[PDB]
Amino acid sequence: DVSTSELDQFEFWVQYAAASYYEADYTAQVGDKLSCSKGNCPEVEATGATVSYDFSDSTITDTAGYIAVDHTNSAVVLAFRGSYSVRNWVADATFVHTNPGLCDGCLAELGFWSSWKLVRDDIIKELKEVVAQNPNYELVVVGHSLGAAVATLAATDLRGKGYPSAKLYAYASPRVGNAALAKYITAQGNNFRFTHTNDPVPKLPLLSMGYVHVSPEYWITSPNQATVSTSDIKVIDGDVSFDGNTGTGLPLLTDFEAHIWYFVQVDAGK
């Protein structure tokens, strides 16, 4: 279980992930309000948060996102959306290790790391300016699904490039690296990683392939389309690799609908 306060926070940040699915948001003119035309980010809209910078998917990249500023919550928000071909990723993606240069022994999944590396230089330049304009604000890095994997790696790297207190909200994330990488990220702290029932996406890549999750795990145990209460989240410390969502069994495409329902229908904007 969690406190009401924590639940309210978790139900809030996911709405920035929801916004990242909307082409209208990630191609918005800078200064425009974030908005979700299907009504799945009402609390974001209530803050009046505006876009400071954005980046679109295109012919050269499947990753889209934005940097926004939330003057209600004193937060600079970096949101990532990854490929929306996620069923195909579960069915048929191949996973490859790479050395991201983050920590001793640490290896990351090449696809996810390559996605961050493509956008890193400009995002780092832009965050310097946005934080200079809002110098007492926190940095929150957020995503859902494949975007949550990119968010995890971005956060990890940003914490060594001037943002050590950056917060990560990674909803429905795949695993992103090996045991050494997971341990290093876990020790940075400020990590909020979520899974839902038997969602197959956080089960990949597999433990047997050497990949490990960041801990703790916030495991939402309520069903699809049910409101999450304080008793519907289990907090798992990662001491046992097969506690939590991994314990529900090998990943199945027949469980895929569980991927969509993390407090709200996160991907409605696609």
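Note that residue numbering follows the sequence shown and begins at 1.
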Comparing 171-179 with 71-79, where is the mean C-alpha B-factor higher? 71-79
Please compare 221-229 with 201-209 and say which has the higher mean C-alpha temperature factor in the record. 221-229
Using only the C-alpha B-factors in the record, can you name which of 21, 262, 256, 16 has the highest? 256
Among 159, 144, 196, 97, the highest C-alpha B-factor in the PDB entry belongs to 97
Just say lowest, middle or highest third for the CA B-factor of residue 48 relative to the other modelled residues in its chain. middle
Chain thirds of CA B-factor: placement of residue 66: lowest
On the chain's distribution of Cα B-factors, residue 41 falls within the third called middle
Third of chain Cα B-factors occupied by residue 85: highest
Residue 93: CA temperature factor from the record, placed by chain third, in the highest
